[PDB]
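A single chain comes next, written as structure tokens; it is the form deposited in one PDB entry.
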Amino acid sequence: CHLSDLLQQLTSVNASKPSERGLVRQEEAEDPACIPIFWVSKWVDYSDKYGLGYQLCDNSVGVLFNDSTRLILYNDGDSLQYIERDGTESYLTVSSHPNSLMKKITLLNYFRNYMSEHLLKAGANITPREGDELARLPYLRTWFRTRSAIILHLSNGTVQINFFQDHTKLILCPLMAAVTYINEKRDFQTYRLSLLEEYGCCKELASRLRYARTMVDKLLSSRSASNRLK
């Protein structure tokens, strides 16, 4: 819900033509201190039946069910967050859970088992900093797919884009105003978008930042006020 600022940030960088410079200095835009705490490490699109399951990099798991409710299991193996359609959020546990979440918890379990045995953890080899604690963990607000990508919007404002063909990824964060690019070799770097405007960047990243703008634009216009039917 910091989508508007992100759009403003992406528009800025794209309008500066970061790849159309005398000398491109992408390396000077790196800022390793801006690495995100959270991103999506795994996902399963079972949207024909039940919903979209995903794992965050801290090993927590979530499901955005088809009825637009969300269930989150923390990495403590016991803590649950349930987020209703309206955004209300309940916090609870697996040991003392309402009988009413039995179906949904069982489904989360099924998603969890599928993803431990067959999916890879994106960004598995990165060492987290002490805390990584906070804040209540993000949940999946919305997601969509294109021919080229899956688009994942988290409740802390981050927008993640996974490109299908080459396995490259963007993690965009609007508060830090930064973007993390995971390349074909799975290497990660974080850039300040404002320094990319300043020093430019390679065509590989620039094209992807242009695609990110159009995708972020699609998110804002989804069920927006101009057209609640989209």
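Here the rigid core means the biggest group of C-alpha atoms that line up within 1.5 Å when the two forms are laid on top of each other. Shifts are known only where both forms have a C-alpha. Numbers follow the displayed sequence, beginning with 1.
There is another form of this protein, the form deposited in another entry, and it is not shown here; the text below is about that form.
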Once the core is aligned, please say if the CA of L119 is shifted by at least 2 angstroms between the shown form and the other one. no
Checking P128 here: with the core superposed, does its CA move 2 Å or more between the shown form and the other one? yes
Since the Cα-Cα distance for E133 and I37 shifts by 3 angstroms or more in the other entry, is it a contraction (closer) or an expansion (farther)? farther
Outcome for the Cα pair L134, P32 in the other entry, compared with this form (closer or farther; change of 3 Å or more): farther
Segments of at least 3 residues with every CA displaced 2 Å or more between the shown form and the other one, core-aligned, in sequence order? 125 to 135
